[PDB]
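Down below is the structure, laid out as structure tokens.
Positions of Cβ are backbone-derived with ideal geometry, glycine not excepted, and every protein chain shown enters the neighbour counts. Bear in mind that the values in this text are calculations on the coordinates, not laboratory data.
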Amino acid sequence: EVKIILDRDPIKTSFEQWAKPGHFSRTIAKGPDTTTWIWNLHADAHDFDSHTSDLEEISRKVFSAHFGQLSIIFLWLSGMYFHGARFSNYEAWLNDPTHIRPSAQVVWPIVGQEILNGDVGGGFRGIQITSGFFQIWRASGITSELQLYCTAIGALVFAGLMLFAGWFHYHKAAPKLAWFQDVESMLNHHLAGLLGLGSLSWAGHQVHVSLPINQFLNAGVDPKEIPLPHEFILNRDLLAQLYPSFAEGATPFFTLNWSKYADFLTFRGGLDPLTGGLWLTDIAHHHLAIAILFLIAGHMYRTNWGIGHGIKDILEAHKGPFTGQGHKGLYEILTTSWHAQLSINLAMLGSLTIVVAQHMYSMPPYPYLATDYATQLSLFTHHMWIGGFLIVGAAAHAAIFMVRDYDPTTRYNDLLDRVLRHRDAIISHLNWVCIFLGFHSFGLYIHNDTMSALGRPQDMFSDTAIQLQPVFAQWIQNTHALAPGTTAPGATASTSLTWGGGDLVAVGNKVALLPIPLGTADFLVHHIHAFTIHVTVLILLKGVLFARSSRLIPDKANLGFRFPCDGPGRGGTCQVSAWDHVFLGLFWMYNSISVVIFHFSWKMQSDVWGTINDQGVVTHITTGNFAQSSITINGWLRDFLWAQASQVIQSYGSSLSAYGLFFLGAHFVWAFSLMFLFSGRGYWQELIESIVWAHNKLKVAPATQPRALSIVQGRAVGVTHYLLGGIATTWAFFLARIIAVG
Amino acid sequence: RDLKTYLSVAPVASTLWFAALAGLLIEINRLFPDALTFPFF
Amino acid sequence: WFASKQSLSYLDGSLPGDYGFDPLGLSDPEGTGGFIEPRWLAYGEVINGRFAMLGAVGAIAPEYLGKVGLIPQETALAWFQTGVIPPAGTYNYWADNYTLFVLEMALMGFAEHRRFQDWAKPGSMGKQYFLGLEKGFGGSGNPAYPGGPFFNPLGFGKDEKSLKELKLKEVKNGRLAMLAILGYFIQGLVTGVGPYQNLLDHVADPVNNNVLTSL
Amino acid sequence: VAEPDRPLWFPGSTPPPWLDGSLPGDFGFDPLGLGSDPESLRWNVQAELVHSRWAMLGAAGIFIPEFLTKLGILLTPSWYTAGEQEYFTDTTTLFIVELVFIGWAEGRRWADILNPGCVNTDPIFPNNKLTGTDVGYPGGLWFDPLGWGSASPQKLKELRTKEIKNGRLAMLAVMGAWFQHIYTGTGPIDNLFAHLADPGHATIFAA
Ligand code: CLA
Ligand code: CLA
């Protein structure tokens, strides 16, 4: 076969269908008879494979939808750059980053809100931002508000192009099903074209704009005096005085004999003692390897020249004694089901966001990011939630595939088979591990609480009594310390300062990073992590494996992916559906992530962040109480929650009172969720009966018959507010705390 | 386009209505702030 | 039955300058819509070529002449140097640089737009809207060659089937100019100096000259 | 009285069906399909007519800076800044007075749009009457003394087209003047002269 560009001519464009609500569904396009109609309209709006059964049409819908998504992201980026141009103190912050608070939002003087425009420094009144954009912009060598303004226009223009493309590829030239399926092609391009050229491109701006300008900023020269980026490209003299390797052209690269380029590219590693961020000389070099690597990787798959790989070939040839003919037929499944692809992608993109958070705190990439605790606590916590959510979404679509696309008669797999043929063995074991982890992580805490309360500190699990020293993580930690020179001779300093041992970095009076200690307190929390994660996995995997059938419900697959139950029979069968497993898994992801970000916040303030003076004396924020008081639930209640929540409950009258409002505001919607979660629509519908009576009495009863929320929606509404309330509370709590104290 | 008019007057009618209301309320306040009572009688 | 490089089914040889070369299969007509249609490309190579055919000359003619011709301050700077502001910094002109472009876009706007109409409609352009030349307009059956007369005052092989033996000539030269200009973009970009001026260094001595040498 | 072989704004294109050519000033121009439906169109036609007529009076506003610049006169005050003046009784009062008369003028034309009649009378003297048929062409002595308004199609069309075309031109004009002042902070005519002196460098770009 030969891969090519395939499209079709115009397929309609009119406001006619805008005027017709629920047009996409044949059931709902007839209009409402009850208020249920309205909710269904929004819940089935994006269910494309529920609209039609043609794979070509569904594929064309999701393709333009991605253009729509990108359009928004570009419009969203356009605003952040614009606000950094009109309503910000970036130019002020650019001179004194260590003392001036970054702010990019001014509030109108109505009703008394102007109080939120607090003293952020630089003779500026506004709201302190924790997005981190200031450190990105300084890293890109962005000097003036003009350049941020130009990027704002550039992003807005791109937003228009993205939006235009979506219309063009759904209404004008719609890609054919064969085009979407060319996966050997797409992977080649996304590997080489998007990632390879993308990383290559940024490696260029760095070694021409970022690296030159950043050196000036660090020398201490006034930002307004620093030559524009284009003065470095034109006159190579400027980029020759600093980084003299530029004296030659393509040589030595072209003549190989690498390199005299060690001058602006190196494997130094560690952290810049003056900026607190990763060496820009390393990052530029880093993107150089990433480019080439992905450019190499972009030539694995065979297309139109017989050289490369057929993915279908690779899979089929991977079969063992234990697994059967497994992997055979996976290519046809993954090229035929969107949900199958989305599940894998969510699981992986979500997992990636989580490693990003752990990598950006321990290896601070942007200049003056480490000592801005307000941002670092926000960035880590933000990615933890984003990654956390995306992972739960993988379970949902894995389940949807099982219900909707799974067909043994047409697209058998054998690997997917067998798994279903011992799903009780997998779930029963995962059940056991969770119970073991629960007792052996949380039970240790309850032990500690009881012994402490009985006045038996020596009978506790602690560093001063019965120690549970996490030696495996400690040994590794030590190994990365002895890594440079010994294992990796090219590396000058350690990978991270958490592995440094006897190295510390400070910017201003604040600590950027230092070796992070590990003790019994860290042992207990990690098993708590190991525990909470497994239970989340249990709920979701159980939902996927038993999505189709069960000893209780032989034909669950016929009931669909999202149904309330199958009645009170068989003892009761509420929340048997795969949807309800995602619903239940959502709470447990929340439970797990919440104790993760609390683990972060306390550990950093207690053992890492704090004030340092020029005598070496380090004074941490909470003063190193993590080791002796995080090993007790009462300790978490008192020394963590009670103690640190004082900032947000004492923020009224201050610039941080909005956090005080959102603190209580989020407690409200959280408790509000409990009305929906603890009750059933049977009561509410009967209550509405008495209320409907009153309206009929006064001739003001609506034709659209009011109905209580569906059983599933009641759960959807409940978990949504439980999440919004709980997460927003910690948000207000975190930001108020870290902005006031930090 | 008849039809475009039709997209409108949907729940976009709510937002256009409430945005107008919000504006009116805001201007009133900007004009008469901090009012705890009706003092004209 | 003709010289050819690479493989594709629809490169009949019915198009001028067809060497049957489309490794990317851009002209494959399986799925067509947009700007990926084959005929459009046929028209485009020719337009791009005509313009390129013309431009290459502009790029060097001023260069060359000030060299052995009567050109003073208006001495051709690099082709690149007059128009783009940073290197040469440009030259003043009877009119403001930005303004000319507006006028320039204005004039082109008329000729270019109409040409498109020829492509969207056969004789639409040549039909209606007053003024002479409208008759001039609509000429030909094919947009690529409006068959000016007007565009072709002198039959010039138009009548002879030999016009084919011109088409290709036009086509081959076109690719040639195209290629050329792309060269400048690099030559001028690394070399600085002028494409023609650049030519001499290779000329003064060649061993010394060239890209490897250039580096 | 439709003409389909009429010149179009876009020579190559095809005009929309609603733009019949019967109407005056029809060059088949409604890319957004604003006049897509008959009811909307009638309204739009009336609106354009009014804008055009008002814009033309406004064009005179362009006229005054001419005399003041060279001839002189008491019209020296630029149209811009003209409003904030002390003549007579204060502007606000003037505006209020204006609102009442003109209101009666439309609370006037409006009835005509909605209906076909009301021209039929002078309320005070129910005999003065006056009539012109057709929409925004009231007719009568007050609005059409010379009576050139009443005539024949072809003639009316030609005349009417002239009314609209000048109006469209006038509309751009007025807008152009308003923008012209802000971007240049001067008189329009000055802009005009300046341009002629140096059309080569005197443009939006000059600033
Ligand atoms: C790549 C990301 C991605 C994509 C493309 C999809 C796509 C889809 N999902 Mg999946 N999902 C995802 C991630 C994703 N999901 C994640 C991360 C989770 C874990 C929570 C889920 C869990 C999930 C479930 C349980 C279900 C889906 C379903 C669907 C399908 C229809 C959904 C719909 O109509 O939209 C409708 C959109 C709404 C009704 C918007 C509701 C607003 C939300 C609930 C609250 C937003 C609040 C906001 C964040 C902040 C508050 C602001 C407020 C004050 C204004 C559609 C194929 C449904 C399906 O049946 O599949 C076929 C289904 O039941 N998804
Ligand atoms: C704080 C309240 C709370 C507690 C304690 C639990 C506890 C548990 N949940 Mg539940 N869950 C909760 C809230 C809670 N959940 C809420 C609000 C929801 C709604 C979303 C869920 C939804 C949910 C699901 C879907 C699942 C669980 C599961 C589990 C079990 C996990 C396995 C385990 O750890 O074993 C260990 C038990 C403990 C750690 C409890 C404490 C034990 C104490 C400390 C020691 C014993 C005391 C003493 C010695 C006993 C003798 C006393 C004598 C006088 C009687 C565990 C029993 C999973 C499961 O079934 O397990 C495999 C399961 O799939 N939960």
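Need the failing condition index for A:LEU444 against (1) within 30 Å of A:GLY501 (Cβ to Cβ); (2) within 30 Å of the chain's Cα centre (by Cα); (3) within 10 Å of ligand 2 (Cβ to nearest atom), just the number.
It fails just one condition, (2).
Six or more apart or on different chains, Cβ atoms under 8 Å: show the pairs whose first residue is in the range B:1-30 and facing chain A (nearest Cβ under 9 Å) and whose second is β-branched (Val, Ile, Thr) and surrounded by 11 or more Cβ atoms within 10 Å (Cβ to Cβ).
Qualifying pairs under 8 Å: B:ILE26/A:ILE110; B:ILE26/A:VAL111; B:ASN29/A:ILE110; B:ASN29/A:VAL111; B:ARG30/A:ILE110.
Residue check: is A:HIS397 farther than 30 Å from A:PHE134 by Cβ and within 16 Å of ligand 2 (Cβ to nearest atom)?
No.
Which of the numbered conditions does C:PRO23 fail, given that it passes all the others? Conditions: (1) in a helix (DSSP H, G or I); (2) more than 15 Å from C:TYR145 (Cβ to Cβ).
All conditions pass for C:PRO23, except number (1).
Say we look at the range A:381-429 and pick out the residues that are away from ligand 1 (no atom under 16 Å from the Cβ) and among the acidic types (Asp, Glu); which of these is nearest to A:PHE531 (Cα to Cα)?
A:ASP424
Considering only the range A:548-562, how many residues are touching a residue at least 24 places away in the same chain (Cβ under 8 Å), more than 20 Å from A:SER710 (Cβ to Cβ) and in a loop (DSSP other than H, G, I, E, B)?
Number satisfying all stated conditions: 3.
What tally of residues in the range A:45-59 results from selecting those that are assigned to a helix (DSSP H, G or I) and either within 26 Å of the chain's Cα centre (by Cα) or within 16 Å of ligand 2 (Cβ to nearest atom) (or both)?
Here is the first cut: in the range A:45-59, the residues assigned to a helix (DSSP H, G or I) are A:48-51, A:55-59.
Retained after the next criterion (residues that are either within 26 Å of the chain's Cα centre (by Cα) or within 16 Å of ligand 2 (Cβ to nearest atom) (or both)): A:48, A:59.
Residues meeting the conditions: 2.
Among (1) in contact (Cβ under 8 Å) with a residue 24 or more places away in the chain; (2) away from ligand 1 (no atom under 16 Å from the Cβ), where does A:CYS565 come up short?
Failing condition for A:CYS565: (2).
Scanning the range D:1-41 for residues that are closer than 20 Å to D:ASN115 by Cα and exposed (fewer than 14 other Cβ atoms within 10 Å of the Cβ), which turns out farthest from the other protein chains (Cβ to nearest Cβ)?
Here the answer is D:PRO38.
Taking C:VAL203, is it closer than 21 Å to C:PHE80 by Cβ, out of contact with any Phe, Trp or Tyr (no Cβ under 9 Å at 6 or more places or on another chain) and either in contact (Cβ under 8 Å) with a residue 60 or more places away in the chain or within 14 Å of chain D (Cβ to nearest Cβ) (or both)?
No.
Among the residues of the range A:576-601 satisfying the criterion of being touching a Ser or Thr at 6+ places or on another chain (Cβ under 7 Å) and within 9 Å of ligand 1 (Cβ to nearest atom), which is farthest from A:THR498 (Cα to Cα)?
Taking the candidates together, the pick is A:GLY585.
Note down all Cβ pairs under 7 Å where the first residue falls in the range A:4-16 and is more than 7 Å from chain C (Cβ to nearest Cβ), the second is assigned to a loop (DSSP other than H, G, I, E, B), and they're at least six residues apart or on different chains.
Partner pairs satisfying both residue conditions: A:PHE15/B:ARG1.
Somewhere in the range C:78-94, is a residue closer than 30 Å to C:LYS158 by Cα, more than 13 Å from chain D (Cβ to nearest Cβ) and not hydroxyl-bearing (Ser, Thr, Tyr)?
Of all residues in the range C:78-94, those closer than 30 Å to C:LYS158 by Cα come to none.
Within the range C:78-94, none of the residues are closer than 30 Å to C:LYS158 by Cα, more than 13 Å from chain D (Cβ to nearest Cβ) and not hydroxyl-bearing (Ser, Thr, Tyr).
Does the range A:220-229 contain at least one residue that is closer than 25 Å to C:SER214 by Cα and either within 14 Å of another protein chain (Cβ to nearest Cβ) or crowded, with 18+ Cβ neighbours inside 10 Å (or both)? Steps first, answer last, please.
Of the residues in the range A:220-229, the ones closer than 25 Å to C:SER214 by Cα are none.
No, because not a single residue in the range A:220-229 is closer than 25 Å to C:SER214 by Cα and either within 14 Å of another protein chain (Cβ to nearest Cβ) or crowded, with 18+ Cβ neighbours inside 10 Å (or both).
Please tell me if D:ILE113 is within 21 Å of D:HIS51 (Cβ to Cβ) and not acidic (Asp, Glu). Reasoning before the result, please.
Values: within 21 Å of D:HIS51 (Cβ to Cβ): yes; not acidic (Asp, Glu): yes.
Here the answer is yes, as D:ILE113 does meet what is asked.
Would you please name the residue that is nearest to the chain's Cα centre (by Cα), looking only at residues in the range A:288-309 that are more than 12 Å from A:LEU187 (Cα to Cα) and not in a helix (DSSP H, G or I)?
Within the range A:288-309, the first condition is being more than 12 Å from A:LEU187 (Cα to Cα), and the residues that meet it are A:288-293, A:296, A:304-308.
Keeping just the survivors that are not in a helix (DSSP H, G or I) gives A:304-308.
Details: A:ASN304: 37, A:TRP305: 39, A:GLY306: 39, A:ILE307: 37, A:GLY308: 34 Å.
Looking at residues that are more than 12 Å from A:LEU187 (Cα to Cα) and not in a helix (DSSP H, G or I), I get A:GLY308.
Go through (1) within 14 Å of chain D (Cβ to nearest Cβ); (2) surrounded by 12 or more Cβ atoms within 10 Å (Cβ to Cβ); (3) in contact (Cβ under 8 Å) with a residue 12 or more places away in the chain; (4) assigned to a loop (DSSP other than H, G, I, E, B) one by one and return the number of the condition C:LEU133 breaks.
(2)
With (1) within 14 Å of chain C (Cβ to nearest Cβ); (2) more than 38 Å from the chain's Cα centre (by Cα) as the list, and A:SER245 as the residue in question, which single condition is left unmet?
Only one criterion is unmet by A:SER245, namely (1).
Keeping to the range A:405-414, report how many residues are more than 30 Å from the chain's Cα centre (by Cα) and either within 14 Å of ligand 2 (Cβ to nearest atom) or in contact (Cβ under 8 Å) with a residue 24 or more places away in the chain (or both).
The number of residues fulfilling the criteria is 4.
One residue is enough: does the range C:38-48 have a residue meeting the conditions within 14 Å of another protein chain (Cβ to nearest Cβ) and assigned to a loop (DSSP other than H, G, I, E, B)?
No: the range C:38-48 contains no residue that is within 14 Å of another protein chain (Cβ to nearest Cβ) and assigned to a loop (DSSP other than H, G, I, E, B).
From the set of residues in the range A:336-368 that are of a type in the set (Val, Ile, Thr) and buried (at least 18 other Cβ atoms within 10 Å of the Cβ), which is nearest to ligand 2 (Cβ to nearest atom)?
Within the range A:336-368, the match that is nearest to ligand 2 (Cβ to nearest atom) is A:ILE354.
For the range A:487-513, enumerate the residues that are in contact with a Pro (Cβ under 8 Å, 6 or more places away or on another chain), of a type outside the set (A, V, I, L, M, F, W, C) and over 16 Å from A:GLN477 (Cβ atoms).
A:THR492
From A:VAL582, A:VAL595, grab the single residue that is surrounded by fewer than 18 Cβ atoms within 10 Å (Cβ to Cβ) and either within 16 Å of ligand 2 (Cβ to nearest atom) or in contact (Cβ under 8 Å) with a residue 60 or more places away in the chain (or both).
Answer to the check: A:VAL595.
Matching residues to (1) more than 10 Å from ligand 2 (Cβ to nearest atom); (2) of a type in the set (A, V, I, L, M, F, W, C); (3) within 14 Å of chain C (Cβ to nearest Cβ):
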{"site": "A:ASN431", "(1), (2), (3)": "no, no, no"}
{"site": "A:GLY455", "(1), (2), (3)": "yes, no, no"}
{"site": "A:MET460", "(1), (2), (3)": "yes, yes, no"}
{"site": "A:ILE466", "(1), (2), (3)": "yes, yes, no"}
{"site": "A:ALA481", "(1), (2), (3)": "yes, yes, no"}
{"site": "A:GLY490", "(1), (2), (3)": "yes, no, no"}
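Within the range A:202-213, can you find the residues that are surrounded by fewer than 16 Cβ atoms within 10 Å (Cβ to Cβ) and in contact (Cβ under 8 Å) with a residue 12 or more places away in the chain?
Within the range A:202-213, just A:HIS205 meets the criteria.
For C:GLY25, work out the one condition from (1) of a type outside the set (A, V, I, L, M, F, W, C); (2) within 14 Å of chain A (Cβ to nearest Cβ); (3) over 24 Å from C:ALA120 (Cα atoms); (4) surrounded by fewer than 15 Cβ atoms within 10 Å (Cβ to Cβ) it doesn't fulfil.
Only one criterion in (1) of a type outside the set (A, V, I, L, M, F, W, C); (2) within 14 Å of chain A (Cβ to nearest Cβ); (3) over 24 Å from C:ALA120 (Cα atoms); (4) surrounded by fewer than 15 Cβ atoms within 10 Å (Cβ to Cβ) is unmet by C:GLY25, namely (4).
Would you call A:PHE168 more than 23 Å from A:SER337 (Cβ to Cβ) and in contact (Cβ under 8 Å) with a residue 40 or more places away in the chain? Break it down into steps so the answer makes sense when it comes.
Numbers: more than 23 Å from A:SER337 (Cβ to Cβ): yes; in contact (Cβ under 8 Å) with a residue 40 or more places away in the chain: no.
No; evaluated as a whole, the condition is false for this residue.
With respect to C:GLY188, determine if the residue is in contact (Cβ under 8 Å) with a residue 24 or more places away in the chain and within 26 Å of A:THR255 (Cα to Cα).
So C:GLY188 fits the description; yes.
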